[PDB]
């Protein structure tokens, strides 16, 4: 049987993207720039804070000094950090808490494989810290998803090979990273978005220990 499950945060455990989008939209509103909507925001995922700000400024050809740029990046982050103070156990996706309990009770290791720079805080706010054996630090990852590095790191941080692990992801890049690490992917979403060559469930209520064991046995 598999020995570990490697979780992404966003789109699996919780909607982590939303508060970043909110904070960017608020910043843009404050300075009179229109166009920070959800399709635009897809262009900010995985992008640095400063490169993200520059994209927003570019929507209006808005010119700013280095000092004003620094203030704006700071303000968005301040607002974001304020917003995430309100994260709670209610922000946990359906099925995930029970899955975590069942994995733990079966002595299956649990690791986070997320780019989130606020992963540990967010798991604390959701009261999930005690279920996690390790969190892979994204600051120590040389290459982001779809590179496998962060999944390999998450497996290693719990003392297993990725080949002993299942990875859970909602993104095409994350599924590729899981494949390339040697772990077994189980996607959440649509085959239209994630491909027809992996096991996919339509939402996180389908991620149960019994389903993961079935999948493992049938691979």
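Positions refer to the first chain, counted from 1.
Once the C-alpha B-factors are averaged per stretch, 67 to 75 and 117 to 125 rank with 67 to 75 first. Higher mean CA B-factor, judged across 26 to 34 and 153 to 161 from the recorded values: 26 to 34. Set against one another, the Cα B-factors of 139, 135, 143, 97 in the record reach their highest point at 143. Per the PDB record, residue ranking by Cα B-factor puts residue 169 in the lowest third of the chain. Placement of the Cα temperature factor of residue 16 within the chain: lowest third of the modelled residues, per the deposited record. Ranked by C-alpha B-factor against the other modelled residues of its chain, residue 175 falls in the middle third. Annotation for residue 10: CA B-factor lies in the lowest third of the chain's modelled residues. For residue 4, the recorded CA temperature factor ranks within the lowest third of the chain's modelled residues.
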